[PDB]
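Participant: Residue numbers (the deposited numbering), protein chains in the order written: chain H, 1546 to 1593; chain C, 2 to 151; chain A, 774 to 821; chain E, 20 to 168. C-beta atoms are modelled at their ideal positions from N, C-alpha and C, and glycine is treated no differently. Structure in structure tokens, see below.
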Amino acid sequence: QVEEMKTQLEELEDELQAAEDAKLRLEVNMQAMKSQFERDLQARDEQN
Amino acid sequence: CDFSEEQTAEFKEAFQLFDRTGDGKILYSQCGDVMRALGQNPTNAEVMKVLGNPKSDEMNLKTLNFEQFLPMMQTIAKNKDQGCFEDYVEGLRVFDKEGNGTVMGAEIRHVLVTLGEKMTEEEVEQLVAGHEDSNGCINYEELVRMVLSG
Amino acid sequence: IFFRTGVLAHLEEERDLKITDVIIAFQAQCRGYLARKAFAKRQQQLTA
Amino acid sequence: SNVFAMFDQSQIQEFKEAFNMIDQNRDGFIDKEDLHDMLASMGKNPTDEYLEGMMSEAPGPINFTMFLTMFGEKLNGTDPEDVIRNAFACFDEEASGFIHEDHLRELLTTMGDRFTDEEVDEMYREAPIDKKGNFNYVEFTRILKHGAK
Ligand SMILES: [Mg+2]
């Protein structure tokens, strides 16, 4: 049972690391969306 | 201490986030910028109460740890309240020459640079969103109503 | 209304000096907002 | 931890398809007969122990599974070229593809975790540094992610 719980906890740690990596990636992609939004907004304002 | 545990934690996070030159201790001048980033509006005289380096302090040798930072944040927070938008726009109603509830952009941007503490055009221009286009007479309501969100 | 030399410009200086005290308080608030904006941008730049 | 579980279907398919071209004897392993002959057919025939010294990266034998975990652990931390270009564009706000070496240095040598002077120099002696010390990160991300390359 100790061995089983060790395997399960290591799997959950791996999944947690994957989830944190995904969170960081989603954050940086949201910053990309924000950057594009600002750039396009400024382009439309300058064209106007 | 009047601050909550959550506020203290947030201040500690901010303290170590707005870094670094190299060391984990914040610079004497930059501390004021941290307090201002935390939405406070004290005068530089509040720092001058501690009076770290009586001369020009490019060196910033009076660095702060969190235990030295937090009391300054507290004395800032307990310094004074701030008035409503009417107290601001009364100044504009005095500066104005049209008597219409707006003000000339070229004049007001200059006045706000010359009077009191000094600011750059780079600083001031970023405060306005209703820019001086075909119309010279900017509605100062937009300026105050925007910045007071901070 | 006609006036003799410089009186209006000294009255203007006095009137502005009367306003300077509250102007400094507002300036601190606006510079605070600017600093907060700059710091917030710096956080996005740091994470990127 | 088990790194294999991290990767996209497209990446796994790309590795599988690549491996299928190398696994010429179809035993499922990396072997002396196949990749050396393949590389000799594709280029200058470096069939010397330089290739054995590369095959010896795996613990003893080198199965497809071991190849996958090796390349997996090597790809751990890597991100899309567009996402990295976005991250650079946070400083190059005009999106010029022209960030200065002084700016790049400031962003790396003290701010956050410190890049060494050796790593900074590597970014000039391999990566696309250009005239007046401008740096073309749009080309950098292409060679870093091996996308469109
Ligand atoms: Mg084979």
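(1) For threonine 9 of chain C versus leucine 65 of chain C, is the C-beta spacing smaller than 9 Å?
(2) So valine 104 of chain C and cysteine 138 of chain C are supposed to be a Cβ contact under 8 Å. How far apart are they, rounded?
(3) Inspect the beta-carbon positions of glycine 106 of chain C and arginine 94 of chain C and report whether they are closer than 9 Å.
(4) Is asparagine 44 of chain E close to ligand 1? I mean its beta-carbon at under 8 Å from any heavy atom of the ligand.
(5) Using a Cβ-based criterion (distance less than 8 Å to any ligand heavy atom), does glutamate 52 of chain E qualify as near ligand 1?
(6) In chain order, what residues of the segment 84-105 of chain E put their CB closer than 7 Å to some CB of chain H?
(7) Nearest by alpha-carbon distance to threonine 793 of chain A: which of C/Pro55, C/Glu118 and C/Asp82 is it?
(8) Can you find at least 3 beta carbon pairs, one from the segment 43-53 of chain C and one from the segment 7-27 of chain C, that sit closer than 8 Å?
(9) Pull up the DSSP beta-bridge partners for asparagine 140 of chain C, would you.
(10) Can you list, in chain order, the residues of the segment 127-156 of chain E whose Cβ is nearer than 9 Å to any Cβ on chain A?
(11) Please identify, using Cβ separations under 9 Å, the residues of the segment 84-100 of chain C that lie next to chain A, in order along the chain.
(12) For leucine 123 of chain E, does the three-state DSSP call read helix, strand or coil?
(13) Please report how far the alpha carbon of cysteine 109 of chain E lies from the alpha carbon of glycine 79 of chain E, in whole angstroms.
(14) Any beta carbon of chain E sitting closer than 9 Å to that of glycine 25 of chain C?
(15) Sorry if obvious, but does the Cβ on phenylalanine 86 of chain E come closer than 8 Å to a heavy atom of ligand 1?
(16) What separation, rounded to the nearest whole angstrom, lies between the Cα atoms of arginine 815 of chain A and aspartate 24 of chain C?
(17) Just tell me which of H/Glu1560, H/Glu1549, H/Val1573 and H/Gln1546 has its CA closest to the CA of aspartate 98 of chain E.
(18) Should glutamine 1562 of chain H be flagged as near chain E, meaning a C-beta pair shorter than 9 Å?
(19) Report the neighbours of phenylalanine 23 of chain E on chain A: residues whose CB is nearer than 7 Å to its CB, in chain order.
(20) Cβ of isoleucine 41 of chain E within 8 Å of any heavy atom in ligand 1?
(21) Against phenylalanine 110 of chain E, what residues of chain A qualify as contacts under a CB-to-CB distance less than 7 Å, listed in chain order?
(22) Between C/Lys26, C/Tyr89, C/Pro43 and C/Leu28, which lies nearest to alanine 78 of chain C when the distance is taken from Cα to Cα?
(23) What does the alpha-carbon distance come out to for the pair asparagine 45 of chain C and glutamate 141 of chain E?
(24) Would you check if the distance between the CB atom of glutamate 1555 of chain H and the CB atom of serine 20 of chain E is smaller than 9 Å?
(25) Using only the heavy atoms of ligand 1, determine whether one of them is closer than 8 Å to the beta carbon of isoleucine 81 of chain E.
(26) Can you find the residues in the same chain that come closer than 8 Å, C-beta to C-beta, to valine 90 of chain C, ignoring five residues on each side of it along the sequence?
(27) Would you decide whether residue 9 of chain E is buried or exposed? Buried here means 16 or more other CB atoms lie within 10 Å of its CB.
(28) Taking the alpha-carbon of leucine 819 of chain A as reference, which of E/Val139, E/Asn44 and E/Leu123 has the nearest alpha-carbon?
(29) Are the CB atoms of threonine 66 of chain E and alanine 59 of chain E nearer to each other than 9 Å?
(30) How far does the alpha helix (DSSP H) with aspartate 53 of chain E in it extend, from its first residue to its last?
(31) Is the beta carbon of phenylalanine 34 of chain E within less than 8 Å of some heavy atom of ligand 1?
(32) Here's the rule I'm using: 16 or more other beta-carbon atoms within 10 Å means buried, otherwise exposed. How should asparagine 105 of chain E be labelled?
(33) Contact criterion: CB-CB distance below 9 Å. Does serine 115 of chain E meet it with respect to chain H?
(34) Could you pull out every residue in the same chain whose Cβ sits closer than 6 Å to the Cβ of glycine 33 of chain C, ignoring the five residues on either side in sequence?
Facilitator: Taking the geometry as given:
(1) The residue you call residue 9 of chain C lines up with position 8 of the second sequence. The residue you call residue 65 of chain C lines up with position 64 of the second sequence. Not in contact: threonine 9 of chain C and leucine 65 of chain C (Cβ atoms no closer than 9 Å).
(2) Start at 1 with the first residue of the second sequence, and residue 104 of chain C comes out as number 103. Start at 1 with the first residue of the second sequence, and residue 138 of chain C comes out as number 137. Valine 104 of chain C to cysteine 138 of chain C, Cβ: 7 Å. Contact.
(3) For the purposes of this step, residue 106 of chain C is taken as residue 105 along the second sequence, with counting starting at 1. For the purposes of this step, residue 94 of chain C is taken as residue 93 along the second sequence, with counting starting at 1. Cβ atoms of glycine 106 of chain C and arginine 94 of chain C: not closer than 9 Å.
(4) Residue mapping note: residue 44 of chain E aligns to position 25 of the fourth sequence, counting from 1. Checking every heavy atom of ligand 1 against the Cβ of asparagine 44 of chain E, one is found closer than 8 Å.
(5) In the fourth sequence, residue 52 of chain E corresponds to position 33, counting from 1. Result yes, Cβ under 8 Å from ligand 1.
(6) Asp98, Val102 and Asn105
(7) For the purposes of this step, residue 793 of chain A is taken as residue 20 along the third sequence, with counting starting at 1. For the residues C/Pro55, C/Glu118 and C/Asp82, the minimum Cα distance to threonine 793 of chain A belongs to C/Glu118.
(8) no
(9) Within the second sequence, the letter at position 139 stands for residue 140 of chain C. Paired residues: none, contrary to the question.
(10) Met130 and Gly131
(11) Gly84, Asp88, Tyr89, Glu91, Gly92, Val95 and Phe96
(12) Start at 1 with the first residue of the fourth sequence, and residue 123 of chain E comes out as number 104. In this structure, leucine 123 of chain E counts as helix in the three-state DSSP scheme.
(13) Against the fourth sequence, residue 109 of chain E aligns to sequence position 90. Against the fourth sequence, residue 79 of chain E aligns to sequence position 60. Using only the alpha carbons, I get a separation of about 46 Å.
(14) Position 24 of the second sequence, counted from the start, is the residue given in the question as residue 25 of chain C. No, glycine 25 of chain C does not count as interfacial toward chain E.
(15) Taking the fourth sequence and counting its residues from 1, the one referred to as residue 86 of chain E is at position 67. It does not: the Cβ of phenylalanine 86 of chain E is nowhere closer than 8 Å to a heavy atom of ligand 1.
(16) Taking the first residue of the third sequence as position 1, residue 815 of chain A is located at position 42. Taking the first residue of the second sequence as position 1, residue 24 of chain C is located at position 23. Distance between the alpha carbons of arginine 815 of chain A and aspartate 24 of chain C is about 19 Å.
(17) Start at 1 with the first residue of the fourth sequence, and residue 98 of chain E comes out as number 79. Nearest of H/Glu1560, H/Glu1549, H/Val1573 and H/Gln1546 to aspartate 98 of chain E, Cα basis: H/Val1573.
(18) As a first step, residue 1562 of chain H is located in the first sequence; it is residue number 17 there, counting from the start. At least one chain E Cβ lies under 9 Å of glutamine 1562 of chain H.
(19) Position 4 of the fourth sequence, counted from the start, is the residue given in the question as residue 23 of chain E. The premise fails here: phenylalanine 23 of chain E is roughly 28 Å from chain A at the closest Cβ pair, so nothing lies under 7 Å.
(20) By one-based count along the fourth sequence, residue 41 of chain E stands at place 22. Yes - ligand 1 has a heavy atom lying nearer than 8 Å to the Cβ of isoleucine 41 of chain E.
(21) Numbered from 1 along the fourth sequence, position 91 holds the residue referred to as residue 110 of chain E. The answer, in chain order, is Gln818.
(22) One-based indexing of the second sequence puts residue 78 of chain C at position 77. Here the closest residue by C-alpha is C/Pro43.
(23) As a working note, residue 45 of chain C is residue 44 in the second sequence. As a working note, residue 141 of chain E is residue 122 in the fourth sequence. So the two alpha carbons sit approximately 44 Å from each other.
(24) As a first step, residue 1555 of chain H is located in the first sequence; it is residue number 10 there, counting from the start. As a first step, residue 20 of chain E is located in the fourth sequence; it is residue number 1 there, counting from the start. Their beta carbons are under 9 Å apart, which means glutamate 1555 of chain H touches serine 20 of chain E by this criterion.
(25) By one-based count along the fourth sequence, residue 81 of chain E stands at place 62. Not under cutoff, so the answer is no.
(26) On the second sequence, position 89 is the one that residue 90 of chain C refers to. Within the same chain, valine 90 of chain C has close Cβ partners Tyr141, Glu142 and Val145.
(27) Outside the displayed range of chain E (20 to 168) lies residue 9 of chain E, so it cannot be described from this structure.
(28) Sequence index remark: in the third sequence, residue 819 of chain A carries index 46 (1-based). Comparing Cα positions, the closest option is E/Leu123.
(29) For the purposes of this step, residue 66 of chain E is identified with residue 47 of the fourth sequence, where counting begins at 1. For the purposes of this step, residue 59 of chain E is identified with residue 40 of the fourth sequence, where counting begins at 1. Yes, the pair counts as a contact, with Cβ atoms nearer than the cut-off.
(30) Locating residue 53 of chain E in the fourth sequence gives position 34, counting from the first residue. First-last of the alpha helix (DSSP H) with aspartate 53 of chain E: 51-61.
(31) Residue mapping note: residue 34 of chain E aligns to position 15 of the fourth sequence, counting from 1. No.
(32) Here residue 105 of chain E corresponds to residue number 86 of the fourth sequence, with the count starting at 1. The residue in question, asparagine 105 of chain E, is buried, as its Cβ has 16 or more Cβ neighbours within 10 Å.
(33) Numbered from 1 along the fourth sequence, position 96 holds the residue referred to as residue 115 of chain E. Output row for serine 115 of chain E: interface = no.
(34) For this step, residue 33 of chain C is matched to residue 32 along the second sequence. Taken in chain order, the residues that qualify are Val48.
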